[PDB]
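Each chain is listed here by its residues.
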Amino acid sequence: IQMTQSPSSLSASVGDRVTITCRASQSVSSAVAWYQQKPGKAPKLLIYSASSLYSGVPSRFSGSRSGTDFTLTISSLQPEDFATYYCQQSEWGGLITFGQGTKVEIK
Amino acid sequence: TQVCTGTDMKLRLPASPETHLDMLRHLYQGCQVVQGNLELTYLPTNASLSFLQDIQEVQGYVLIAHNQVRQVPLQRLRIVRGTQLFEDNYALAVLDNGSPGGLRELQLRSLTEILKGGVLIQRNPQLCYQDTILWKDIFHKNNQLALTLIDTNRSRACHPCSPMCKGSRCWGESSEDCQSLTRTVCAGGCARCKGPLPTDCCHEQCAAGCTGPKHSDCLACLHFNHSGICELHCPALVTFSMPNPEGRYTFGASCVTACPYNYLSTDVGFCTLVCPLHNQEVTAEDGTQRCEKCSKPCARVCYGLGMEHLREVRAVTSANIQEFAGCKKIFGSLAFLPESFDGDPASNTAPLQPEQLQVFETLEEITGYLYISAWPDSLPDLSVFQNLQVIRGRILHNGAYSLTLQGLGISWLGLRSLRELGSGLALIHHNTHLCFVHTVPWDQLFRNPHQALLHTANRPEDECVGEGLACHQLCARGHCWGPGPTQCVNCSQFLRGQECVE
Amino acid sequence: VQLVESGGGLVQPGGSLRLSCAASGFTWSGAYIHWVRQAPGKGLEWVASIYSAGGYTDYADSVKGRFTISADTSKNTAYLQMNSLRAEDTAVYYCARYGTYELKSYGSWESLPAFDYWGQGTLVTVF
Ligand SMILES: *[C@@H]1O[C@H](CO)[C@@H](O[C@@H]2O[C@H](CO)[C@@H](O)[C@H](O)[C@H]2NC(C)=O)[C@H](O)[C@H]1NC(C)=O
């Protein structure tokens, strides 16, 4: 139902570099996207094609692929980067699936 | 023609300086809409830039950098859409231009619209009148938050704006160079107008001004141009199902009867270069290609550089060579850098070996480009690609080239099956031993009048003929890819195997 | 380009509810309109999608057979009709746009394989 996300929760200070790896079903790289959701708000798109930066998104967000793993990397954490992070995948047959969610908590 | 591609060079130095102006002359001659970025870089002090005089719209950004031309003739240029931005913020960037050389006047007489992005004018010692321009008028209503870093440091006296310029807002010394104000003057809430009065308001679909109140009279189209009429969207092909006879296809900022030659049609009606997710390319008898939804889960395709996992990979190396085994069509590009055959000790990746290049023996199509800056010295030709028939050029190297061969030690091309170069230019420079460039019928390969071959510093043709390296007599019309009867473009008399016979 | 939701509220079990999402230019942008739900304290869960071109619909396994997604092209608005709601269906329902076409280099219009725009969300409670 949900692709695996590790870690489930993550704590770091401002400026720190943080990685989130999303184990999903094997598919073309363009089907994996990364979204940020602050509590009480609608999610916003960060990485549409598993490496490509969406417009208006800071360059500190990076996407990479290693096999079936897809990685979201924040090079320098900022006060506005504390939120839940989701990985979404599109499979053939119109199914859209989501990750369980990674929450980044301030120290 | 009417539309042309741009360049993706950015601030990088030209690959072949000795032909740089010529690619520019081949890219922008007669072109009105630049479907990309207009990059004018590293231009010599007395360069003839008359080929840019027809440009009216740039879909990406305009970058004028590192030039010694005293004037750049872009007076006709009306609208910069800012689909792509320089440094992710600027739609117009004028940097490091400069008896003394360097840009003296912007002279953007017709520039009245910048849909997205801002203005960066830095380090132009001889530029004048760049601070007088009311850039808030040129920027679109929804682009007001765009930055505007305009340096003012000048190494020459700046003459006053012409007396005819009522507000002293001018692009040049000439009286014709006065800035035309569209946004600010508008009575009411009009986005753009041709005059102070409310009647002089422009239609909602107009961009950059208008000759009158109707949607035909727009100077540019905010969203789409449907045969001289400005429209929010192209007419739908189907009207929920029955075909709509007046339906059009969305190509660039225009509505067209059919998608162009090298593009893909989508079911929704967009003209694209890469099919959407879970879609496959379907060719037809006439040769048009369309994007169709996969009825069953999509068959595995072969991806090259610039696509999917290989999107940030720069070269074909021994790490990723086996991804191309048995691959008849490559979605993406192939680049062969010196790092490919020299190896990377830090990454511990082994150097590519000649025999492994025989994974490319079944290759027939490259949808991107073919870039070769390094080849094994044992190989005298590009015979691993002797079955490659078409390079589509949907992704171009530096935005301009679909086939580039530089610094090689190959004696002949040996690209026997190559028959189509769909888009982009061909650049062959500094291949010291290469003798069969001129014998190739490049005009047959090219599909557009814009397309041309740019060659320099290869082996002199007189030298090659003096050695006796030339086209075989059996080759028809003198067109061959290499020495011998196997390398003929067309057999004059007869074909046995791959070899011409009589 | 905005997405405005409406018609969410308190529903009696086994009842029905109609959610409305209004999108600017849905039927000609070539995009899908999806409904994605978030149960309280849980993660995002995809519910349904509708294609602009042919009205083709798709549903998640949990909602398949109970929810129907439709579009009214004339008013340019997507509707999600929910029937036989249970406790699990209590969630914030977002309507999002997937697959929008964007101008790229060379005049090529390419589909965005992601949810670029989301609605503000409407809370559906089954009691
Ligand atoms: C919309 O597109 C048409 C082409 O279909 C443009 O009309 C051409 O404009 C150029 C330059 O003004 C002329 O050289 C051609 O002769 C025109 N052709 C036709 C058939 O009219 C028109 O200018 C475009 N309109 C806008 C606002 O961009």
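Residues numbered from 1 in each chain as written, not as in the entry; some residues may be left out. Chains lettered and ligands numbered in written order. Heavy atoms only, no water.

Right, let's get into the overall build of chain B. The helix and strand inventory of chain B stands at five helices and 32 strands. Over its C-alpha atoms chain B spans a radius of gyration of 26 Å, differing by no more than 12% from the 23 Å that the globule rule assigns to 502 residues. Reported as C-alpha extents along the three principal axes, the dimensions of chain B are approximately 80 × 65 × 50 Å. Residues classed as buried in chain B amount to 53% of the 502 residues present. Carbon together with sulfur atoms contributes 50% to the accessible area of chain B, which is approximately 22200 Å² in total. Within chain B, one finds 38 positive and 47 negative side-chain charges whose respective centroids are separated by 8 Å. (Helix = DSSP H or I, 4+ residues; strand = E, 2+ residues; numbered from the N terminus. Rg over C-alpha atoms; globule rule 2.2 N^0.38 Å. Buried < 20%, exposed > 50% of the residue type's maximum accessible area, 1.4 Å probe, protein only. Areas by Shrake-Rupley, 256 points an atom, 1.4 Å probe, with all protein chains shown as cover. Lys, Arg positive; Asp, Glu negative; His and termini not counted. Charge placed at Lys NZ, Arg CZ, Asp CG, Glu CD.)

What follows is about the sheet that holds strand β20 (residues 289-293) of chain B. All names here are of chain B. Reading across from one edge, β18-β17-β20-β19 is the order of the four strands in this open sheet, with mixed pairing throughout. The open sheet has two edge strands, β18 (271-272) and β19 (279-283), and neither has a second partner. As judged from the two bridges shared by strand β17 (residues 264-265) and β18, these two strands associate in the antiparallel manner. Within the sheet, the bridge partner assigned to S265 lies in β18 and is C271. (Pairing = 2+ DSSP bridges.)

Let us look at the UniProt feature "disulfide bond" in chain B. All names here are of chain B. With 2.0 Å between their sulfur atoms, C221 and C230 do form the disulfide that UniProt assigns to them. Neither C221 nor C230 differs from the other in exposure class; each is buried. With sulfur atoms 2.0 Å apart, the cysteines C302 and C327 match their UniProt disulfide annotation in this structure. Of the two residues, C302 sits in strand β21 (residues 302-303) while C327 sits in the loop between β21 and β22 (329-331), which places them 25 residues apart along the sequence. (Disulfide = S-S within 2.5 Å. UniProt positions renumbered as here; feature names shortened; annotations may be inferred.)

This part takes up the domain arrangement of chain B. Residues and elements named next belong to chain B. Taken domain by domain, chain B holds domain 1 (1-155), domain 2 (198-293), domain 3 (302-466) and domain 4 (471-502). Note on domain 1 versus domain 3: buried area summed over both sides is about 1300 Å², and carbon and sulfur give 63% of it. Across the domain 1-domain 3 interface, the total number found is zero salt bridges. Summed over the shared surface of domain 1 and domain 3, the result is four residue pairs in polar contact. Of all the elements in the fold, those that place two or more residues in the side of domain 1 that touches domain 3 are β1 (3-5) and α1 (20-28). At four residues, α1 tops the list of elements feeding residues into the side of domain 1 that touches domain 3. Here the side of domain 1 that touches domain 3 is built from residues that sort into seven nonpolar, eight polar and four charged. (Domains from an automatic or database assignment. Buried area = accessible area lost by both parts, 1.4 Å probe. Salt bridge = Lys/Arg side-chain N within 4 Å of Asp/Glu carboxyl O. Polar contact = N/O pair within 3.5 Å; in protein donor to acceptor, adjacent residues only side chain to side chain. Nonpolar A, V, L, I, M, F, W, Y, C, P; charged D, E, K, R; others polar.)

This part covers the site of the ligand. Residues and elements named next belong to chain B. Neighbouring residues of the ligand: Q32, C218, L219, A220, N225 and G228. One nitrogen or oxygen atom from the side chain of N225 is found 2.3 Å from an oxygen atom belonging to the ligand. Coverage of the ligand by the protein chains reaches 41% of its 580 Å² of free accessible surface. Considering each element in turn, the shell around the ligand owes the most residues, three residues, to strand β12 (residues 218-221). Among the residues making up the shell around the ligand, the classes are represented as three nonpolar, three polar and no charged. (Near = heavy atom within 4 Å.)

Another aspect to go through is the interface of chain C and chain B. Across the boundary between the two partners, chain C contributes 20 residues, which contact 28 residues of chain B. Summing both sides of the interface, chain C and chain B together bury roughly 1900 Å²; the carbon and sulfur share of this comes to 63%. On the surface where chain C and chain B come into contact, there are zero salt bridges. Seen at the junction of chain C and chain B, the total is 10 residue pairs in polar contact. Only α1 (26-29), β10 (101-103) and β11 (109-111) of chain C provide two or more residues apiece to the side of chain C that touches chain B. (Contact = heavy atoms within 4.5 Å.)

This part covers the interface of chain A and chain B. Between chain A and chain B, the contact holds 11 residues from the first and 12 residues from the second. Across the interface of chain A and chain B, roughly 900 Å² is buried in total on both sides, 56% from carbon and sulfur atoms. Viewed at the interface, chain B and chain A are joined by zero salt bridges. Our count for the chain A to chain B interface comes out at 10 residue pairs in polar contact. The residue inventory of the side of chain A that touches chain B, partitioned by class, reads three nonpolar, six polar and two charged.

Turning our attention to the environment of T257 of chain B. Residue and element names in this part refer to chain B. With respect to the element layout, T257 can be found in the loop between β16 (254-256) and β17. On the basis of relative accessible area, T257 is assigned to the exposed category, the value being 63%. Distance from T257 to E246, taken between C-alpha atoms, is 8.9 Å for residues 11 residues apart in sequence. The residues contacting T257, other than those within four sequence positions of it, are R248 and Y249.

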